[PDB]
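Here is the structure we will look at, set down as structure tokens.
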Amino acid sequence: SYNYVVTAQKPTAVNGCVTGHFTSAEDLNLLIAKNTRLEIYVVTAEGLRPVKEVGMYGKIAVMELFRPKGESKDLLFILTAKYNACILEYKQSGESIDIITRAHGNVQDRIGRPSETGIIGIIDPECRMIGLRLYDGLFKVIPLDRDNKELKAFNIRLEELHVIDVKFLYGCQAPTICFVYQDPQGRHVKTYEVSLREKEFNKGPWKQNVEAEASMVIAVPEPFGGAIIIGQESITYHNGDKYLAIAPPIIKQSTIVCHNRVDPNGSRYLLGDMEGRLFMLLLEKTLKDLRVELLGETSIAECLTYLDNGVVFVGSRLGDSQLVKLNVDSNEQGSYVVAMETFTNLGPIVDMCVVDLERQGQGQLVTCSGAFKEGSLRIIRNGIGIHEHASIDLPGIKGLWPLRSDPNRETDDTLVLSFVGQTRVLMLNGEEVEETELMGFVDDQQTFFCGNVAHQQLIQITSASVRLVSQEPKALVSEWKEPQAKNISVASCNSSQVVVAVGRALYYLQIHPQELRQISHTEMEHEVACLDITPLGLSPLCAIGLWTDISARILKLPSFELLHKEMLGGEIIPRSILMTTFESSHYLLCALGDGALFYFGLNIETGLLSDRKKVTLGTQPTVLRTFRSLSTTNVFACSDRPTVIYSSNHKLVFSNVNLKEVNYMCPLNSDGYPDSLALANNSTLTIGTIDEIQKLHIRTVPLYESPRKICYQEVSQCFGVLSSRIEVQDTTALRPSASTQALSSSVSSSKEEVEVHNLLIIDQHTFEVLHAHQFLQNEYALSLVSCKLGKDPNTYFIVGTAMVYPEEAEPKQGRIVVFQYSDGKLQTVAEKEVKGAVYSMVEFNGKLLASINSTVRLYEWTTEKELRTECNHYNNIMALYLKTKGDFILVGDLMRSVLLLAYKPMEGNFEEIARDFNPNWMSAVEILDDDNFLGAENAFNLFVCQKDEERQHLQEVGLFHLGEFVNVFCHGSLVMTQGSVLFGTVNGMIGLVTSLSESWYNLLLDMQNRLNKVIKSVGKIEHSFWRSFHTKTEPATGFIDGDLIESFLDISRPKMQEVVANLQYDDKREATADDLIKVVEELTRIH
Amino acid sequence: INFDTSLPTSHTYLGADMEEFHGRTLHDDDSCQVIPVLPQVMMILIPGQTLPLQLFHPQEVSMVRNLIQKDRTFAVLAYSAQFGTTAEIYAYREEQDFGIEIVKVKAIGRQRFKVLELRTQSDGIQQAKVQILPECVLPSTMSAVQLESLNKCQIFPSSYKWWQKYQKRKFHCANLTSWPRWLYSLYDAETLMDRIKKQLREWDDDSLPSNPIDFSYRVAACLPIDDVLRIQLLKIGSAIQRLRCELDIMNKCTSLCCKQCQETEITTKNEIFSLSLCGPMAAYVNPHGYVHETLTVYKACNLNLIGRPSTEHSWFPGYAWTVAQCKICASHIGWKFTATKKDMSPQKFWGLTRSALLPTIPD
Ligand SMILES: O=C1CC[C@H](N2Cc3c(OCc4ccc(CN5CCOCC5)cc4)cccc3C2=O)C(=O)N1
Ligand SMILES: [Zn+2]
């Protein structure tokens, strides 16, 4: 098996946030860590200015800014989870930005038990050294002698094997570290000093049984000195002979988990609760006492950073991050917190599903995201977005035209709108739209075109006539009518050249001052459908599409004589046709009423249409329309599924536009709406800017409780969501939540903190909670599915459950509840008591498969409307995971034991096919196909078992360090390689897995290696080290880092040429840069 | 109960003046070793398990005597072989009384292995080249997923309400995953060891190994199970899977029967109890050098007692033994033990030999 993994969506969860002077000494920076990503901003009055963002080949585990003696600005120390240490510097060389690596080395020890309080990394305030507590019984020291470019470092044995937190202190004759530890007597604080000179600890200034549950340590700066120690109940200062202590009522509620220093003084600190409380702690003065104020509520903070001007960065892992404003203990109101800005954080993605929501043939991902109030559904859609600036209700718009009403202003001030038998004119002044008359333009006739034309004039082309109007002193200066007064049926005009068409006939007029002169006439072999006349001054040809021969055609400049004449096929007519110019070539596009779009290369001199390709874009008819997007032209295909059409290296691309149907559009360049679009649909005119390239767009739906599983019932037009709110014993809520705020509501009729489970029913379009069904007291909802069973036509939400009692370890009882959502409410259609926890379920060939502890059990759905067992299968593992393909069944436990059962219809029971037991923690599994099984496993790895007598063992074909923790896999794709499996992750990264042909695998593997020679890596970390399956540590196999491959496009033109130097390539021969460019761009369009 | 529960584990019936050796020899993981093989001994030795021996044939007497000079470990093969366990000699006794040669050792199983080669020497003794199997250790289920702000709270102060606060504290980050705290608790060494300790507390009050591996191998030896499951347990490399598998065996398996007849209920789980510090079951050698793993229970049924009580060579000093056989098929199931002094408690009990038994789940 040959797989390709790529990032659809980088991790969003913040796990570190530091400030300092990194970019310049004169700039204040905020650095943010999002697992493998490092964002760098500059703090402003206006907010946060982004500056440089980079990935690492590493999970950022330590991130500290420091300034060693005689350096203009701060340097950044980072240590990864694989013990990659680096010192980094910000390098602006001209108009480009780069993060250069001053030093790097791997600080790992061969023999070492990693500490239970994780990696801790600290730098002394003189910047003599870096301390790393990596392992129990050891303290690693990296001296900061400027010659130490390899980060060579020594260890010192600690006596104390269970260290909790540790800092370096301020104001000491020598570098001194302070730390809480635990031995079988109790929890105490100690200090040592650190001599590089001796590579050893000397005993230090002071010591202390401190609070049972003391956890945090804070180095106080030099105005006082000393250390603050936070616990559950206490906050204790310590120093030589000085000592304070408090236990305010306000924090005994939830534990403090993050802190931050507000001023260099050390007067104030920000404290971070585990549930969102944000406190100040003030050091009152010398050092008299400690006051603690409760400032307000934030998102549940992983880290905090005071930014100055009373603004605070709140980094979160469980919900959105924030900038919040603080207020001083003001004369009128107590010090309080206000949310200034929110940044999206998808993770943790705990479950998701893919839904074709818009009906467009475009998947949308809907995730269960967040926890404990930060809980949320997130709707993730792929596309080009429209930034909307104005909206106008006007139904029945048939056409849009921008127009310059004042000839010595360089900018549109008019929008003209056609309706059935009716024309209307909107004038624009800044952002004020007013319908008005345009003298000379008729209003009781349907316009087919208007706009500016040569010799300082406006033209309007009605069904009745072709009016022509003076820019100055507007009035009619010309009119052209059809000989026997017949209606103009199709119209097309440019700068200086009209080509109307009447029924089967078509005339060709030209625009000259105060006169429109008839030049040609002609007939046509069937009725005329659509015209174009675009210059590529005056255009020497004219495109046509016709009604019966269903055919696109080119014509001559005045004669109207056929130049190419291609038959398009089928029974549906042309709807629009467009001669356009992409890249530096010329094309002809033509659209059918059924949604089909055919494109041809064009030859302006001869007329030769070449290389027909087809594509289908949204089944309603399609109007094509030219616009400018950054010094180049695109095409906007107004339809069911609106679409922009650009050309990336001489092959066209169809980025879809992120809107419900657009019928007509035109570009608009006003003073109030510069470089904009005007879109109309059946009910509304919209005015907006447009994004250049595609992106992922995230709609958020707050639940204010934990969502846990989700599935979609298309017939009901709604989502099932298992959720979980926390009440406290009386039992009452802590806040209003999705389940307590539902329209309709219910509770299951029967057979200190508490969890209460519900099945929410949420509207597909509006995401209103329509109903909230509460399960029993002590009942824990585990699994959810929405399916049809047996001969029954009705569709049901089915939930598996378990009965959790604190006395009981392994649950002895549970339920399989079948529900129907039919009225606004939810009917319990059937229970089924079961002697165990229902961990999983799956619709299985019209029957219900379901794990109950170690048993896999198949149920049929009776006409009596009850669940009846067919067969069973007792395992020697616990069936946590259940996935199927056809009659094949995949079972897994938490410990990476996997089975492969098969149903046998002729035999009535299940049979074992294959198995693999290999002890490791498994978080998710998926069936890639009948033979291959994708899984996620401990230390952020992906792995692939393959199927292929004593061949019921499963071969290990795939290994890869992802760097993310996968909760859910699910088959689907967010676009309109073989297969697509999306996965969601704890940091809110989303990834895609697909499969490759061996040929392609081999090519791309070579190319990774060529790439790794050429691409600068931040901590100088080898890509191979990074992707190595790690816990054992082995090279990755049968997995292509698509992120690596995609980075090819970002390298300079010569680095490409270097990468492809003597690369054998199929069609083999010596390959080009442009050969691989168009391959890699084909690979970007799977996600 | 007031019988000295350490008297059994010292095997005084061998004689109590043996030269001792400070037990410590551990071969490297995945290394290869050439170790001799005890002939004439068929058992599945578990790491940590004490194994007493009596050897007569002068080839056996030789190569032990040699082993005392050089490394003291030997191979104890688990038969149809592929897998076994090393055993280190920690006590030696030469004896030429009654005219005849005897060697008495006390070994202790140490490391599991895979067999590679088995060249049998011209002396008559097999010499097994041997791959030392590593002892699979995994981190906490939470270690990967864990919030770094919540690292600081992972160590706790050391009572069923305590286990709930433990479960809430330890597995809080289960909310990031797609499962509950109560599921992660079912794969938690410490929770699993405590649960096993409760079936151990009703057999009976002590201190046992902190280490999940050591604990798991200790409780493996208490289980009266057939030779084939013993091997299932041994092959399981992960201690967590071993502890869960042991919990299962302990809950499900509740009767014990005569292996030969297949339907004669000798005793129940309710009756199992511990007179050895080792546990309710342990290996003892008889006078002829046959090793018996003997599970002590309070009551037994359908046994016939033949011969008369004897204290000769008794494995439990103070008690005399009477041979017990299956009422139906005559199979030597074990021995009834009976007090010699009238104040000892308990007064009587049955010691039933593992090989003759067969654990069952009812219905
Ligand atoms: O608790 C228990 C339960 C009973 C168990 N016993 C006693 C016993 C015998 O008991 C007779 C006997 C005892 C002692 C000897 C002395 N040797 C020394 C070496 O050279 C041969 C003579 C000979 C025969 C004879 C045969 C087998 C067993 C047997 O399995 C046991 O050992 N301790
Ligand atoms: Zn019998």
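Each chain in the structure tokens gets a letter, A, B and so on, in the order shown; residues start at 1 in every chain, and ligands are counted from 1 in the order they appear.
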
**Asked** Taking only C-alpha atoms and all ligand atoms into account, which residues are within 10 Å of ligand 1, as a VMD selection string?
**Response** chain B and resid 8 13 to 14 54 to 56 95 97 to 98 100 to 103 284 to 292 294 309 to 317 319 to 323 332 334 to 337 351 to 353

**Prompt:** Would you give me, as a ChimeraX atom specification, the residues in stretch 858-1074 of chain A that DSSP reads as alpha helix (DSSP H)?
**Reply:** /A:998-1014,1023-1027,1042-1047,1053-1059,1073-1074

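Identified as lying at most 12 Å from ligand 2 when counting only C-alpha atoms and all ligand atoms are the residues residues 256, 257, 258, 259, 260, 261, 262, 263, 264, 265, 266, 301, 302, 303, 304, 324, 325, 326, 327, 328, 329, 330, 331, 332, 333, 334, 356, 357 and 358 of chain B.
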
Take the residues just selected and output them with C-alpha atoms as a PDB file, in the first residue's frame.
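Saved the output as part_9.pdb:
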ATOM      1  CA  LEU B 256     -12.212 -26.428  39.584  1.00  0.00           C
ATOM      2  CA  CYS B 257     -12.437 -30.070  38.396  1.00  0.00           C
ATOM      3  CA  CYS B 258     -10.552 -33.318  37.903  1.00  0.00           C
ATOM      4  CA  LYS B 259      -8.672 -32.880  34.612  1.00  0.00           C
ATOM      5  CA  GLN B 260      -9.019 -36.600  33.818  1.00  0.00           C
ATOM      6  CA  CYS B 261     -12.744 -37.347  34.348  1.00  0.00           C
ATOM      7  CA  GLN B 262     -13.790 -33.904  33.182  1.00  0.00           C
ATOM      8  CA  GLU B 263     -16.961 -33.860  35.398  1.00  0.00           C
ATOM      9  CA  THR B 264     -16.286 -34.018  39.143  1.00  0.00           C
ATOM     10  CA  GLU B 265     -16.220 -30.720  41.004  1.00  0.00           C
ATOM     11  CA  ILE B 266     -13.222 -30.737  43.383  1.00  0.00           C
ATOM     12  CA  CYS B 301     -15.104 -32.540  47.694  1.00  0.00           C
ATOM     13  CA  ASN B 302     -15.289 -35.924  45.989  1.00  0.00           C
ATOM     14  CA  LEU B 303     -11.836 -36.872  47.182  1.00  0.00           C
ATOM     15  CA  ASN B 304     -10.993 -40.199  48.766  1.00  0.00           C
ATOM     16  CA  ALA B 324      -6.299 -37.477  48.066  1.00  0.00           C
ATOM     17  CA  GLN B 325      -7.697 -38.918  44.793  1.00  0.00           C
ATOM     18  CA  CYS B 326     -10.740 -38.368  42.484  1.00  0.00           C
ATOM     19  CA  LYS B 327     -13.593 -40.463  43.840  1.00  0.00           C
ATOM     20  CA  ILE B 328     -14.506 -41.349  40.205  1.00  0.00           C
ATOM     21  CA  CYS B 329     -11.280 -41.992  38.255  1.00  0.00           C
ATOM     22  CA  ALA B 330      -8.659 -42.457  40.994  1.00  0.00           C
ATOM     23  CA  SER B 331      -6.494 -39.535  39.789  1.00  0.00           C
ATOM     24  CA  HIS B 332      -4.071 -38.148  42.328  1.00  0.00           C
ATOM     25  CA  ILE B 333      -5.655 -34.681  42.795  1.00  0.00           C
ATOM     26  CA  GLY B 334      -3.391 -33.685  45.756  1.00  0.00           C
ATOM     27  CA  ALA B 356      -4.672 -32.552  38.056  1.00  0.00           C
ATOM     28  CA  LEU B 357      -7.131 -29.636  38.069  1.00  0.00           C
ATOM     29  CA  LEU B 358      -9.201 -27.929  35.363  1.00  0.00           C
TER      30      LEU B 358
END

**Request:** At a cut-off of 8 Å, list the chain A residues touching chain B, using only C-alpha atoms, as a PyMOL selection string.
**Result:** chain A and resi 15+116-118+164-165+186+212-213+215-216+257-258+302-303+348-351+370-371+708+806-807+809-810+919-921+923+938-940+965+967-968+986

Now that the selection is made, can you save its residues with N, CA and C atoms as a tab-separated table (two decimals), in the first residue's frame?
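out.tsv written:
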chain	number	residue	atom	x	y	z
A	15	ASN	N	-0.85	26.37	21.95
A	15	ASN	CA	-0.22	25.71	23.10
A	15	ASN	C	0.98	26.44	23.67
A	116	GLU	N	7.08	12.72	34.79
A	116	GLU	CA	5.61	12.69	34.83
A	116	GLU	C	5.00	14.07	34.68
A	117	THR	N	5.78	15.11	34.98
A	117	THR	CA	5.35	16.49	34.74
A	117	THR	C	5.86	17.05	33.39
A	118	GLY	N	6.23	16.15	32.49
A	118	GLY	CA	6.62	16.51	31.14
A	118	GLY	C	7.94	17.24	31.01
A	164	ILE	N	8.02	18.84	40.38
A	164	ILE	CA	6.76	19.32	39.82
A	164	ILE	C	6.98	20.47	38.82
A	165	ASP	N	7.32	21.67	39.30
A	165	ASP	CA	7.68	22.82	38.44
A	165	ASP	C	9.07	23.32	38.85
A	186	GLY	N	6.46	14.19	51.88
A	186	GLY	CA	5.48	15.19	51.40
A	186	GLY	C	5.92	16.00	50.18
A	212	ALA	N	-0.07	20.34	50.27
A	212	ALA	CA	-0.25	19.00	49.68
A	212	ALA	C	-0.24	19.00	48.15
A	213	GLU	N	-1.00	19.93	47.57
A	213	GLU	CA	-1.24	19.99	46.14
A	213	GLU	C	-0.67	21.29	45.52
A	215	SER	N	1.64	23.17	42.87
A	215	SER	CA	1.98	22.79	41.49
A	215	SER	C	2.78	23.80	40.66
A	216	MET	N	2.48	25.09	40.79
A	216	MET	CA	3.13	26.13	39.97
A	216	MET	C	4.21	26.87	40.75
A	257	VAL	N	-3.82	27.04	36.55
A	257	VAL	CA	-3.02	26.25	35.61
A	257	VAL	C	-2.07	27.04	34.72
A	258	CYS	N	-2.33	28.33	34.52
A	258	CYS	CA	-1.40	29.20	33.81
A	258	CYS	C	-1.32	30.58	34.44
A	302	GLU	N	-5.00	27.99	27.99
A	302	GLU	CA	-3.84	27.12	28.04
A	302	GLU	C	-2.61	27.94	28.43
A	303	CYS	N	-2.57	29.16	27.90
A	303	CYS	CA	-1.51	30.09	28.18
A	303	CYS	C	-2.09	31.50	28.10
A	348	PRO	N	-10.63	20.62	20.16
A	348	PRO	CA	-10.44	19.26	19.66
A	348	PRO	C	-11.49	18.77	18.73
A	349	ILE	N	-11.15	18.10	17.65
A	349	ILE	CA	-12.16	17.57	16.79
A	349	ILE	C	-12.28	16.24	17.41
A	350	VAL	N	-13.47	15.97	17.87
A	350	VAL	CA	-13.82	14.79	18.64
A	350	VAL	C	-14.63	13.84	17.77
A	351	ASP	N	-15.36	14.40	16.83
A	351	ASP	CA	-16.00	13.63	15.80
A	351	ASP	C	-16.33	14.59	14.67
A	370	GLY	N	-14.39	21.37	20.48
A	370	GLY	CA	-14.30	22.02	21.79
A	370	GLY	C	-14.72	21.18	22.98
A	371	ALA	N	-14.70	21.82	24.14
A	371	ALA	CA	-15.17	21.19	25.37
A	371	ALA	C	-15.82	22.19	26.33
A	708	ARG	N	-20.11	15.45	21.26
A	708	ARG	CA	-19.37	14.18	21.39
A	708	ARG	C	-19.48	13.22	20.17
A	806	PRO	N	-20.13	4.75	39.82
A	806	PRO	CA	-18.79	4.83	40.41
A	806	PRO	C	-18.30	3.60	41.21
A	807	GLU	N	-19.22	2.75	41.68
A	807	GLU	CA	-18.85	1.45	42.29
A	807	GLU	C	-18.33	0.45	41.25
A	809	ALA	N	-16.66	-1.00	37.83
A	809	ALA	CA	-15.54	-0.76	36.92
A	809	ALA	C	-15.93	-0.99	35.46
A	810	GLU	N	-16.21	-2.25	35.11
A	810	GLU	CA	-16.67	-2.63	33.76
A	810	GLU	C	-18.19	-2.59	33.74
A	919	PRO	N	0.93	-4.36	20.95
A	919	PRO	CA	0.67	-3.42	22.03
A	919	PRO	C	1.06	-1.96	21.78
A	920	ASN	N	0.06	-1.13	21.52
A	920	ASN	CA	0.24	0.33	21.54
A	920	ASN	C	-1.11	1.01	21.65
A	921	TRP	N	-1.10	2.27	22.02
A	921	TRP	CA	-2.35	2.96	22.20
A	921	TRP	C	-2.93	3.38	20.84
A	923	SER	N	-6.14	5.25	18.78
A	923	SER	CA	-7.14	6.31	18.96
A	923	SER	C	-8.19	6.35	17.87
A	938	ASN	N	0.03	5.45	19.14
A	938	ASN	CA	0.68	6.28	20.16
A	938	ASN	C	1.98	6.96	19.74
A	939	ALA	N	2.12	8.18	20.29
A	939	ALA	CA	3.02	9.24	19.87
A	939	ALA	C	2.67	9.67	18.45
A	940	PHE	N	1.42	10.08	18.27
A	940	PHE	CA	1.01	10.83	17.08
A	940	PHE	C	1.41	10.18	15.76
A	965	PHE	N	-2.78	14.02	16.96
A	965	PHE	CA	-3.55	12.96	17.62
A	965	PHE	C	-4.91	12.86	16.94
A	967	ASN	N	-8.55	11.65	16.32
A	967	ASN	CA	-9.75	11.13	16.98
A	967	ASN	C	-10.68	10.38	16.05
A	968	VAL	N	-10.83	10.90	14.84
A	968	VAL	CA	-11.83	10.40	13.94
A	968	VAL	C	-11.23	10.33	12.56
A	986	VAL	N	-6.98	16.45	17.58
A	986	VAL	CA	-7.07	17.18	18.86
A	986	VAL	C	-6.69	18.69	18.79

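Note that the spacing between atom CA of residue A:163 and atom CA of residue A:937 amounts to 28.7 Å.
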
Would you write out, as a tab-separated table, a table of all residues in stretch 817-873 of chain A that have an atom no more than 10 Å from an atom of stretch 908-916 of chain A, listing for each the closest atom pair and the distance in Å to one decimal, considering only C-alpha atoms and ordering rows by chain and rising residue number?
residue	atom	partner	partner_atom	distance
A:856	CA	A:910	CA	9.2
A:857	CA	A:910	CA	9.4
A:858	CA	A:909	CA	9.1
A:870	CA	A:908	CA	7.5
A:871	CA	A:909	CA	5.4
A:872	CA	A:909	CA	7.0
A:873	CA	A:910	CA	6.5

**Request:** Find the residues near residue A:1077: any atom within 12 Å, counting only C-alpha atoms, skip ones fewer than 5 places away on the same chain, and give them as a list in words.
**Result:**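 Near residue A:1077, the qualifying residues are residues 648, 649, 650, 651, 1045, 1046, 1047, 1048, 1049, 1050, 1051, 1052, 1053, 1056, 1057, 1059, 1060, 1071, 1072, 1082, 1083 and 1084 of chain A.
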
For N, CA, C and O atoms, I'd like the residues from the last selection saved as a short mmCIF file (atom, residue, chain, number, x, y, z; two decimals), in the first residue's frame.
data_model
loop_
_atom_site.label_atom_id
_atom_site.label_comp_id
_atom_site.auth_asym_id
_atom_site.auth_seq_id
_atom_site.Cartn_x
_atom_site.Cartn_y
_atom_site.Cartn_z
N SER A 648 -3.93 28.40 -14.37
CA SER A 648 -2.64 28.12 -13.74
C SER A 648 -1.77 27.28 -14.70
O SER A 648 -2.12 26.13 -15.01
N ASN A 649 -0.65 27.86 -15.12
CA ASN A 649 0.27 27.32 -16.17
C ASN A 649 -0.38 26.62 -17.36
O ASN A 649 -0.19 25.42 -17.58
N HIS A 650 -1.17 27.38 -18.11
CA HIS A 650 -1.70 26.98 -19.43
C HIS A 650 -2.62 25.73 -19.42
O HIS A 650 -2.78 25.07 -20.44
N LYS A 651 -3.21 25.42 -18.25
CA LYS A 651 -4.29 24.44 -18.11
C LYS A 651 -5.31 25.11 -17.16
O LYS A 651 -4.92 25.60 -16.10
N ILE A 1045 5.78 17.51 -0.44
CA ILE A 1045 5.65 17.52 -1.89
C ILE A 1045 5.09 18.86 -2.37
O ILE A 1045 5.68 19.50 -3.25
N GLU A 1046 3.98 19.29 -1.77
CA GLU A 1046 3.35 20.56 -2.13
C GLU A 1046 4.31 21.76 -2.01
O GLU A 1046 4.23 22.67 -2.80
N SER A 1047 5.24 21.73 -1.04
CA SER A 1047 6.22 22.81 -0.85
C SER A 1047 7.12 23.06 -2.06
O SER A 1047 7.66 24.14 -2.18
N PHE A 1048 7.29 22.06 -2.93
CA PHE A 1048 7.95 22.27 -4.23
C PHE A 1048 7.57 23.59 -4.92
O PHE A 1048 8.43 24.30 -5.43
N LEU A 1049 6.27 23.90 -4.94
CA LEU A 1049 5.72 25.10 -5.62
C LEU A 1049 6.22 26.42 -5.02
O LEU A 1049 6.27 27.44 -5.72
N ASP A 1050 6.60 26.40 -3.75
CA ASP A 1050 7.11 27.57 -3.06
C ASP A 1050 8.63 27.81 -3.19
O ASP A 1050 9.12 28.84 -2.74
N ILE A 1051 9.37 26.88 -3.79
CA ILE A 1051 10.83 27.06 -3.94
C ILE A 1051 11.14 27.93 -5.19
O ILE A 1051 10.34 27.98 -6.13
N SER A 1052 12.28 28.62 -5.18
CA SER A 1052 12.71 29.41 -6.34
C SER A 1052 12.93 28.57 -7.60
O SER A 1052 13.23 27.39 -7.52
N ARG A 1053 12.77 29.22 -8.75
CA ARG A 1053 12.88 28.58 -10.07
C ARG A 1053 14.15 27.73 -10.26
O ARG A 1053 14.07 26.65 -10.86
N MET A 1056 13.93 24.43 -8.08
CA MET A 1056 13.15 23.45 -8.83
C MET A 1056 14.04 22.70 -9.78
O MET A 1056 14.07 21.48 -9.76
N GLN A 1057 14.77 23.45 -10.60
CA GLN A 1057 15.62 22.86 -11.65
C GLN A 1057 16.62 21.88 -11.04
O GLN A 1057 16.81 20.79 -11.57
N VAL A 1059 16.11 20.31 -8.10
CA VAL A 1059 15.29 19.17 -7.64
C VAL A 1059 15.01 18.14 -8.73
O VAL A 1059 15.07 16.95 -8.47
N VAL A 1060 14.73 18.60 -9.94
CA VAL A 1060 14.43 17.69 -11.06
C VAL A 1060 15.66 17.27 -11.91
O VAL A 1060 15.49 16.60 -12.93
N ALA A 1071 13.35 15.26 -17.14
CA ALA A 1071 12.15 16.06 -16.83
C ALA A 1071 12.47 17.52 -16.55
O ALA A 1071 13.59 17.85 -16.15
N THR A 1072 11.48 18.38 -16.76
CA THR A 1072 11.61 19.83 -16.55
C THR A 1072 10.99 20.29 -15.21
O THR A 1072 10.38 19.51 -14.47
N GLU A 1082 -1.74 19.54 -9.81
CA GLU A 1082 -2.77 18.48 -9.85
C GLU A 1082 -2.99 17.83 -8.47
O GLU A 1082 -4.11 17.43 -8.15
N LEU A 1083 -1.93 17.74 -7.67
CA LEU A 1083 -2.04 17.20 -6.32
C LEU A 1083 -2.65 18.16 -5.29
O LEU A 1083 -3.26 17.70 -4.32
N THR A 1084 -2.50 19.48 -5.47
CA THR A 1084 -3.15 20.45 -4.56
C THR A 1084 -4.66 20.39 -4.62
O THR A 1084 -5.33 20.69 -3.63
#
